[PDB]
Structure formats: C-alpha cells, structure tokens
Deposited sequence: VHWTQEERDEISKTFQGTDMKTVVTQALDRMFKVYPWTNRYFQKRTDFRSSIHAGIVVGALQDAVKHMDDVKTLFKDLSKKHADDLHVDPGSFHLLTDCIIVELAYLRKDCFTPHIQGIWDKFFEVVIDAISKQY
C-alpha cells in the first residue's frame, strides 16, 4: 500500500514505546459497552485477550508490507468459526484509536490519526475474508 518512511516509524515506535496491552484492553472494554452486540461474539478476560490481539498487531508491523498473508488463517477463524461480521471489525480498531487519542491528547493530530486510520484499514482488509 506504500508506507511513507514516517508512517512506518510512527507505528513501530508506538508498539515499542507505548503500553499497547492496556490500550487494547481498554479498547475491548469500550467496544463492549458502546457496541453491545459485540459481547454476543464472546460467549475469557479482556486483559488476557488484549495480549493476544496486540500480539497479532505486532507481527503485523513486523510484516507491514505483507499483512494479508500473515493474517491468512487469522481471518478464517474470525469467519468460519466465530462468524464475526466483516463490517464489525472496524468497531475494535476504531476503539483502539479513541484510546490512543485519549492518551496522546494534543499530540494525536489529524495527520497522525490518518496514519493509524491507514494502518487499521489494511489490518481490517487482511483479517476480513
């Protein structure tokens, strides 16, 4: 998708310098309350599940230029197993972005938001069908 140098830096530097485990944890919590129907899919602890997810997103920055393949099976699970609706994936990442915005406040400019938006857009594409 073409990753501007600055873009790569921003993602990887965040997964290294920031506590993504608790960011994602809080994001799962937010999601479950804001978009109630998401609970249905999880019928387990958010704190524990967070590590798994951040773990997957981490391998994603490692293989940024090739997420679709690294997420091959990952999507299969979400589809023909848990049956998660493809149009619901953005609900989590959207919540991860809010948590990120609340932590960085002013530093989370429209421009930086766009970097993260771009990143989750490709993560959403990779993990959905």
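*Asks:* Would you flag the ranges of the deposited sequence that the structure leaves without C-alpha positions?
*Replies:* Those stretches are 44 to 47, 134 to 135, listed in order.
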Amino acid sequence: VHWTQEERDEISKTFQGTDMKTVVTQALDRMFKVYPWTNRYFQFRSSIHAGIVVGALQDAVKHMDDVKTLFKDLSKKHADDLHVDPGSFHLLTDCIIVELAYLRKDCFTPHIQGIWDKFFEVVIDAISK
From here on, numbers count along this sequence of modelled residues.
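*Asks:* Mean CA B-factor: is it higher for 110 to 118 or for 5 to 13?
*Replies:* Taking the mean B-factor of the alpha carbons in each, 5 to 13 is higher.
*Asks:* Higher average CA B factor in the deposited record is what I'm after, so tell me if that's 78 to 86 or 30 to 38.
*Replies:* Higher mean C-alpha B-factor in the PDB entry: 78 to 86.
*Asks:* Would the CA B-factor of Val54 place it in the lowest, middle or highest third of its chain?
*Replies:* Tercile = middle for this residue's CA B-factor.
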